[PDB]
Number of protein chains: 2
Amino acid sequence: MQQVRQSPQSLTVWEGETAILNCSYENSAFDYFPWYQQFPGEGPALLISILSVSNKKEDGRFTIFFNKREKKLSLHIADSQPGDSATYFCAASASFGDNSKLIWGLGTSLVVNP
Amino acid sequence: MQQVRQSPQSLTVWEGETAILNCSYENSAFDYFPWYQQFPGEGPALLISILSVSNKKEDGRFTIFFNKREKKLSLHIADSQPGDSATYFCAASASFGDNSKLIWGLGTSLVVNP
């Protein structure tokens, strides 16, 4: 029973092209969903979050579309730059603040060809 | 204007996963959208197709969703069997019947593994 399904596994794209990384979870108690960016030879790094209260989080071309009812959210990378070539992790937690362990996704690797 | 643009460029999905290969056409006059299945060393074989009048099509675990409004199109390979690992091409022509040119996209590589 792995609770943070990520799709797809690998994905290549074009420079400027918009990449879409999906995530689905089962534990309905999940209310805090952080995405981590991981460059080669490094560990995860907070990239962008989204609280179950909202539906979308805006950042500089990083947007987290989230759907509570259907329990599916997604990272949308507008204008995919070759810098964004990293591994993206979708993690879900039942709460931020009181230590409720973070359930990670297996990750979706990206590659932005120029 | 980009004739026919296919995104992503490559994928990788788990066996049994539903794969979505998108296609985008710039010319509104395009009324015939065929999809090909190209294997590692062979030639592209017409896998499935749809007309501008129809906006959905079932071959069997194969669906072409066609949104003529946005000029968006997409092939969904349901239950992505690892055998579906191939390069898929989106093509679009102004008409079927008469000898109108098929403007070929550039294909999305699919790698499905268990």
# chains A, B, ... in the order shown; residues from 1 in each chain; ligands from 1
$ closest_atom_pairs --of "chain B" --to "chain A" --cutoff "8 Å" --atoms "only C-alpha atoms" --output "JSON lines"
{"residue": "B:7", "atom": "CA", "partner": "A:13", "partner_atom": "CA", "distance": 7.1}
{"residue": "B:8", "atom": "CA", "partner": "A:13", "partner_atom": "CA", "distance": 5.4}
{"residue": "B:9", "atom": "CA", "partner": "A:13", "partner_atom": "CA", "distance": 5.3}
{"residue": "B:10", "atom": "CA", "partner": "A:12", "partner_atom": "CA", "distance": 5.1}
{"residue": "B:11", "atom": "CA", "partner": "A:11", "partner_atom": "CA", "distance": 4.6}
{"residue": "B:12", "atom": "CA", "partner": "A:10", "partner_atom": "CA", "distance": 4.9}
{"residue": "B:13", "atom": "CA", "partner": "A:8", "partner_atom": "CA", "distance": 5.4}
{"residue": "B:14", "atom": "CA", "partner": "A:9", "partner_atom": "CA", "distance": 7.5}
$ write_last_selection --atoms "C-alpha atoms" --output "JSON list (two decimals), in the first residue's frame"
[["chain", "number", "residue", "atom", "x", "y", "z"],
["B", 7, "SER", "CA", 4.39, 16.52, -26.74],
["B", 8, "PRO", "CA", 6.08, 15.02, -24.83],
["B", 9, "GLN", "CA", 9.09, 13.90, -26.81],
["B", 10, "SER", "CA", 9.56, 10.71, -24.81],
["B", 11, "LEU", "CA", 7.86, 8.95, -21.98],
["B", 12, "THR", "CA", 8.31, 5.99, -19.72],
["B", 13, "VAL", "CA", 5.35, 4.53, -17.94],
["B", 14, "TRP", "CA", 4.72, 1.44, -15.79]]
$ select_by_dssp --residues "range 1-52 of chain A" --states "strand (DSSP E)" --output "PyMOL selection string"
chain A and resi 4-7+10-14+19-25+35-38+45-48
$ atom_distance --atom1 "CA of residue 90 in chain B" --atom2 "CA of residue 16 in chain B"
22.6 Å
$ calpha_fit_rmsd --fixed "chain B" --moving "chain A"
0.7 Å
$ residues_around --residues "residue 24 in chain A" --least-positions-apart "6" --cutoff "7 Å" --atoms "only C-alpha atoms" --output "MDAnalysis selection string"
chainID A and resid 4:6 71:73
$ closest_residue --among "A:49, A:74, A:3, A:26" --to "residue 104 in chain A" --atoms "only C-alpha atoms"
A:3
$ residues_around --residues "residue 103 in chain A" --least-positions-apart "3" --cutoff "10 Å" --atoms "only C-alpha atoms" --output "PyMOL selection string"
chain A and resi 2-4+25+27+30+33+90-94+100+106
$ write_last_selection --atoms "N, CA and C atoms" --output "short mmCIF file (atom, residue, chain, number, x, y, z; two decimals), in the first residue's frame"
data_model
loop_
_atom_site.label_atom_id
_atom_site.label_comp_id
_atom_site.auth_asym_id
_atom_site.auth_seq_id
_atom_site.Cartn_x
_atom_site.Cartn_y
_atom_site.Cartn_z
N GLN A 2 1.39 1.61 -1.17
CA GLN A 2 2.19 2.82 -1.31
C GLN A 2 1.18 3.93 -1.57
N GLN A 3 1.25 4.99 -0.77
CA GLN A 3 0.27 6.07 -0.84
C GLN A 3 0.45 7.38 -1.63
N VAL A 4 1.53 7.50 -2.40
CA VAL A 4 1.76 8.70 -3.23
C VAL A 4 2.29 8.24 -4.60
N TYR A 25 -2.91 10.23 -4.55
CA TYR A 25 -2.69 9.68 -3.23
C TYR A 25 -3.95 9.00 -2.75
N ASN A 27 -4.44 8.07 1.09
CA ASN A 27 -4.78 8.52 2.44
C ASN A 27 -5.44 9.90 2.41
N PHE A 30 -4.37 13.25 4.01
CA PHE A 30 -3.33 14.07 3.44
C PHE A 30 -3.83 15.48 3.20
N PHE A 33 0.93 18.88 0.79
CA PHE A 33 1.62 18.25 -0.32
C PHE A 33 2.79 19.05 -0.89
N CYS A 90 6.87 13.95 -5.41
CA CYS A 90 5.59 14.39 -4.87
C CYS A 90 5.50 13.71 -3.52
N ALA A 91 5.38 14.51 -2.48
CA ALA A 91 5.27 13.97 -1.14
C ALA A 91 3.96 14.49 -0.59
N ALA A 92 3.35 13.71 0.30
CA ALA A 92 2.10 14.08 0.93
C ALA A 92 2.25 13.84 2.42
N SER A 93 1.62 14.69 3.21
CA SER A 93 1.67 14.55 4.64
C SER A 93 0.27 14.77 5.13
N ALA A 94 -0.03 14.20 6.28
CA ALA A 94 -1.35 14.32 6.86
C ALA A 94 -1.50 15.65 7.57
N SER A 100 3.81 14.35 11.57
CA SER A 100 3.09 13.25 10.96
C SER A 100 4.04 13.00 9.78
N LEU A 106 7.52 7.90 -5.77
CA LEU A 106 8.75 7.31 -6.29
C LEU A 106 9.55 8.30 -7.12
#
$ residues_around --residues "residue 57 in chain B" --least-positions-apart "5" --cutoff "12 Å" --atoms "only C-alpha atoms" --output "list in words"
residues 33, 34, 35, 47, 48, 49, 50, 51, 52, 62, 63, 64, 65, 66, 73, 74, 75 and 76 of chain B
$ closest_residue --among "A:58, A:84, A:79, A:15" --to "residue 38 in chain A" --atoms "only C-alpha atoms"
A:84
$ decode --residues "range 45-90 of chain B" --atoms "N, CA and C atoms" --output "PDB file, in the first residue's frame"
ATOM      1  N   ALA B  45       3.265   2.276 -38.935  1.00  0.00           N
ATOM      2  CA  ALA B  45       2.020   1.617 -39.316  1.00  0.00           C
ATOM      3  C   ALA B  45       0.809   2.370 -38.768  1.00  0.00           C
ATOM      4  N   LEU B  46      -0.149   2.708 -39.635  1.00  0.00           N
ATOM      5  CA  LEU B  46      -1.350   3.431 -39.203  1.00  0.00           C
ATOM      6  C   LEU B  46      -1.998   2.614 -38.100  1.00  0.00           C
ATOM      7  N   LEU B  47      -1.927   3.176 -36.905  1.00  0.00           N
ATOM      8  CA  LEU B  47      -2.423   2.580 -35.686  1.00  0.00           C
ATOM      9  C   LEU B  47      -3.890   2.899 -35.388  1.00  0.00           C
ATOM     10  N   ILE B  48      -4.307   4.132 -35.639  1.00  0.00           N
ATOM     11  CA  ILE B  48      -5.687   4.535 -35.380  1.00  0.00           C
ATOM     12  C   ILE B  48      -5.809   5.967 -35.887  1.00  0.00           C
ATOM     13  N   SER B  49      -7.022   6.422 -36.184  1.00  0.00           N
ATOM     14  CA  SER B  49      -7.213   7.770 -36.706  1.00  0.00           C
ATOM     15  C   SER B  49      -8.587   8.329 -36.380  1.00  0.00           C
ATOM     16  N   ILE B  50      -8.756   9.636 -36.577  1.00  0.00           N
ATOM     17  CA  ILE B  50     -10.020  10.318 -36.302  1.00  0.00           C
ATOM     18  C   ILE B  50     -10.198  11.507 -37.240  1.00  0.00           C
ATOM     19  N   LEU B  51     -11.451  11.852 -37.520  1.00  0.00           N
ATOM     20  CA  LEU B  51     -11.787  12.967 -38.402  1.00  0.00           C
ATOM     21  C   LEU B  51     -12.190  14.146 -37.536  1.00  0.00           C
ATOM     22  N   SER B  52     -12.229  15.343 -38.117  1.00  0.00           N
ATOM     23  CA  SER B  52     -12.600  16.546 -37.375  1.00  0.00           C
ATOM     24  C   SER B  52     -14.049  16.527 -36.886  1.00  0.00           C
ATOM     25  N   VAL B  53     -14.878  15.707 -37.520  1.00  0.00           N
ATOM     26  CA  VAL B  53     -16.274  15.599 -37.118  1.00  0.00           C
ATOM     27  C   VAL B  53     -16.397  14.780 -35.823  1.00  0.00           C
ATOM     28  N   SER B  54     -15.583  13.734 -35.708  1.00  0.00           N
ATOM     29  CA  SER B  54     -15.586  12.869 -34.535  1.00  0.00           C
ATOM     30  C   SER B  54     -14.590  13.460 -33.547  1.00  0.00           C
ATOM     31  N   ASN B  55     -14.870  13.356 -32.254  1.00  0.00           N
ATOM     32  CA  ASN B  55     -13.950  13.897 -31.258  1.00  0.00           C
ATOM     33  C   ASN B  55     -13.512  12.854 -30.239  1.00  0.00           C
ATOM     34  N   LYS B  56     -13.731  11.587 -30.575  1.00  0.00           N
ATOM     35  CA  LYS B  56     -13.373  10.460 -29.718  1.00  0.00           C
ATOM     36  C   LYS B  56     -13.322   9.239 -30.633  1.00  0.00           C
ATOM     37  N   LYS B  57     -12.573   8.214 -30.241  1.00  0.00           N
ATOM     38  CA  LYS B  57     -12.467   7.008 -31.056  1.00  0.00           C
ATOM     39  C   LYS B  57     -11.870   5.850 -30.255  1.00  0.00           C
ATOM     40  N   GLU B  58     -12.517   4.689 -30.340  1.00  0.00           N
ATOM     41  CA  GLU B  58     -12.088   3.482 -29.635  1.00  0.00           C
ATOM     42  C   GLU B  58     -11.679   2.350 -30.581  1.00  0.00           C
ATOM     43  N   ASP B  59     -10.453   1.867 -30.437  1.00  0.00           N
ATOM     44  CA  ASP B  59      -9.984   0.745 -31.245  1.00  0.00           C
ATOM     45  C   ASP B  59     -10.016  -0.443 -30.309  1.00  0.00           C
ATOM     46  N   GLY B  60      -9.667  -0.157 -29.059  1.00  0.00           N
ATOM     47  CA  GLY B  60      -9.612  -1.148 -28.004  1.00  0.00           C
ATOM     48  C   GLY B  60      -8.381  -0.710 -27.248  1.00  0.00           C
ATOM     49  N   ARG B  61      -8.556  -0.233 -26.015  1.00  0.00           N
ATOM     50  CA  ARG B  61      -7.448   0.269 -25.191  1.00  0.00           C
ATOM     51  C   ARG B  61      -6.582   1.265 -25.975  1.00  0.00           C
ATOM     52  N   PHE B  62      -7.265   2.042 -26.814  1.00  0.00           N
ATOM     53  CA  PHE B  62      -6.680   3.069 -27.671  1.00  0.00           C
ATOM     54  C   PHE B  62      -7.728   4.131 -27.904  1.00  0.00           C
ATOM     55  N   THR B  63      -7.442   5.354 -27.477  1.00  0.00           N
ATOM     56  CA  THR B  63      -8.406   6.415 -27.669  1.00  0.00           C
ATOM     57  C   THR B  63      -7.771   7.691 -28.124  1.00  0.00           C
ATOM     58  N   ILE B  64      -8.371   8.266 -29.150  1.00  0.00           N
ATOM     59  CA  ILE B  64      -7.920   9.526 -29.682  1.00  0.00           C
ATOM     60  C   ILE B  64      -8.971  10.518 -29.222  1.00  0.00           C
ATOM     61  N   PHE B  65      -8.557  11.492 -28.426  1.00  0.00           N
ATOM     62  CA  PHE B  65      -9.476  12.516 -27.976  1.00  0.00           C
ATOM     63  C   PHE B  65      -9.171  13.673 -28.895  1.00  0.00           C
ATOM     64  N   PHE B  66     -10.212  14.229 -29.500  1.00  0.00           N
ATOM     65  CA  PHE B  66     -10.019  15.306 -30.448  1.00  0.00           C
ATOM     66  C   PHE B  66     -10.808  16.563 -30.128  1.00  0.00           C
ATOM     67  N   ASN B  67     -10.103  17.598 -29.695  1.00  0.00           N
ATOM     68  CA  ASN B  67     -10.726  18.873 -29.368  1.00  0.00           C
ATOM     69  C   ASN B  67     -10.417  19.842 -30.504  1.00  0.00           C
ATOM     70  N   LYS B  68     -11.297  19.897 -31.502  1.00  0.00           N
ATOM     71  CA  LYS B  68     -11.088  20.782 -32.648  1.00  0.00           C
ATOM     72  C   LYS B  68     -11.072  22.261 -32.292  1.00  0.00           C
ATOM     73  N   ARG B  69     -11.770  22.618 -31.220  1.00  0.00           N
ATOM     74  CA  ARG B  69     -11.840  24.005 -30.771  1.00  0.00           C
ATOM     75  C   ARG B  69     -10.433  24.538 -30.542  1.00  0.00           C
ATOM     76  N   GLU B  70      -9.730  23.910 -29.607  1.00  0.00           N
ATOM     77  CA  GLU B  70      -8.376  24.307 -29.246  1.00  0.00           C
ATOM     78  C   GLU B  70      -7.354  23.841 -30.277  1.00  0.00           C
ATOM     79  N   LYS B  71      -7.762  22.896 -31.123  1.00  0.00           N
ATOM     80  CA  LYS B  71      -6.892  22.295 -32.132  1.00  0.00           C
ATOM     81  C   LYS B  71      -5.934  21.363 -31.397  1.00  0.00           C
ATOM     82  N   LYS B  72      -6.448  20.729 -30.346  1.00  0.00           N
ATOM     83  CA  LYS B  72      -5.674  19.802 -29.530  1.00  0.00           C
ATOM     84  C   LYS B  72      -6.144  18.375 -29.764  1.00  0.00           C
ATOM     85  N   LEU B  73      -5.207  17.444 -29.703  1.00  0.00           N
ATOM     86  CA  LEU B  73      -5.486  16.047 -29.959  1.00  0.00           C
ATOM     87  C   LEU B  73      -4.607  15.229 -29.013  1.00  0.00           C
ATOM     88  N   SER B  74      -5.026  14.006 -28.684  1.00  0.00           N
ATOM     89  CA  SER B  74      -4.236  13.142 -27.798  1.00  0.00           C
ATOM     90  C   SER B  74      -4.580  11.650 -27.876  1.00  0.00           C
ATOM     91  N   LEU B  75      -3.548  10.806 -27.869  1.00  0.00           N
ATOM     92  CA  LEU B  75      -3.717   9.352 -27.929  1.00  0.00           C
ATOM     93  C   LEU B  75      -3.469   8.757 -26.546  1.00  0.00           C
ATOM     94  N   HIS B  76      -4.435   8.000 -26.051  1.00  0.00           N
ATOM     95  CA  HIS B  76      -4.298   7.381 -24.746  1.00  0.00           C
ATOM     96  C   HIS B  76      -4.149   5.884 -24.946  1.00  0.00           C
ATOM     97  N   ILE B  77      -3.019   5.339 -24.511  1.00  0.00           N
ATOM     98  CA  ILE B  77      -2.728   3.912 -24.632  1.00  0.00           C
ATOM     99  C   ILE B  77      -3.042   3.236 -23.305  1.00  0.00           C
ATOM    100  N   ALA B  78      -4.302   2.855 -23.133  1.00  0.00           N
ATOM    101  CA  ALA B  78      -4.769   2.212 -21.909  1.00  0.00           C
ATOM    102  C   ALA B  78      -4.075   0.880 -21.608  1.00  0.00           C
ATOM    103  N   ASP B  79      -3.827   0.635 -20.320  1.00  0.00           N
ATOM    104  CA  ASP B  79      -3.174  -0.587 -19.844  1.00  0.00           C
ATOM    105  C   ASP B  79      -1.857  -0.764 -20.588  1.00  0.00           C
ATOM    106  N   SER B  80      -1.101   0.323 -20.707  1.00  0.00           N
ATOM    107  CA  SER B  80       0.167   0.302 -21.419  1.00  0.00           C
ATOM    108  C   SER B  80       0.975  -0.978 -21.205  1.00  0.00           C
ATOM    109  N   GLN B  81       0.745  -1.924 -22.103  1.00  0.00           N
ATOM    110  CA  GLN B  81       1.425  -3.204 -22.103  1.00  0.00           C
ATOM    111  C   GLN B  81       2.850  -2.863 -22.539  1.00  0.00           C
ATOM    112  N   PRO B  82       3.870  -3.513 -21.953  1.00  0.00           N
ATOM    113  CA  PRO B  82       5.258  -3.222 -22.339  1.00  0.00           C
ATOM    114  C   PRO B  82       5.523  -3.411 -23.831  1.00  0.00           C
ATOM    115  N   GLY B  83       4.593  -4.074 -24.516  1.00  0.00           N
ATOM    116  CA  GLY B  83       4.718  -4.301 -25.946  1.00  0.00           C
ATOM    117  C   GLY B  83       4.445  -3.042 -26.752  1.00  0.00           C
ATOM    118  N   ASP B  84       3.751  -2.086 -26.134  1.00  0.00           N
ATOM    119  CA  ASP B  84       3.417  -0.813 -26.764  1.00  0.00           C
ATOM    120  C   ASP B  84       4.624   0.123 -26.838  1.00  0.00           C
ATOM    121  N   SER B  85       5.774  -0.342 -26.366  1.00  0.00           N
ATOM    122  CA  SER B  85       6.993   0.452 -26.399  1.00  0.00           C
ATOM    123  C   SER B  85       7.364   0.750 -27.845  1.00  0.00           C
ATOM    124  N   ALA B  86       7.010   1.940 -28.304  1.00  0.00           N
ATOM    125  CA  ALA B  86       7.301   2.339 -29.668  1.00  0.00           C
ATOM    126  C   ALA B  86       7.207   3.851 -29.799  1.00  0.00           C
ATOM    127  N   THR B  87       7.622   4.357 -30.947  1.00  0.00           N
ATOM    128  CA  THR B  87       7.544   5.774 -31.213  1.00  0.00           C
ATOM    129  C   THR B  87       6.182   5.958 -31.875  1.00  0.00           C
ATOM    130  N   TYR B  88       5.384   6.890 -31.376  1.00  0.00           N
ATOM    131  CA  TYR B  88       4.064   7.129 -31.949  1.00  0.00           C
ATOM    132  C   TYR B  88       4.011   8.472 -32.665  1.00  0.00           C
ATOM    133  N   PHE B  89       3.497   8.466 -33.892  1.00  0.00           N
ATOM    134  CA  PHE B  89       3.413   9.674 -34.703  1.00  0.00           C
ATOM    135  C   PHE B  89       2.025  10.214 -34.885  1.00  0.00           C
ATOM    136  N   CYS B  90       1.914  11.525 -34.809  1.00  0.00           N
ATOM    137  CA  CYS B  90       0.642  12.170 -35.010  1.00  0.00           C
ATOM    138  C   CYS B  90       0.790  12.815 -36.357  1.00  0.00           C
TER     139      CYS B  90
END
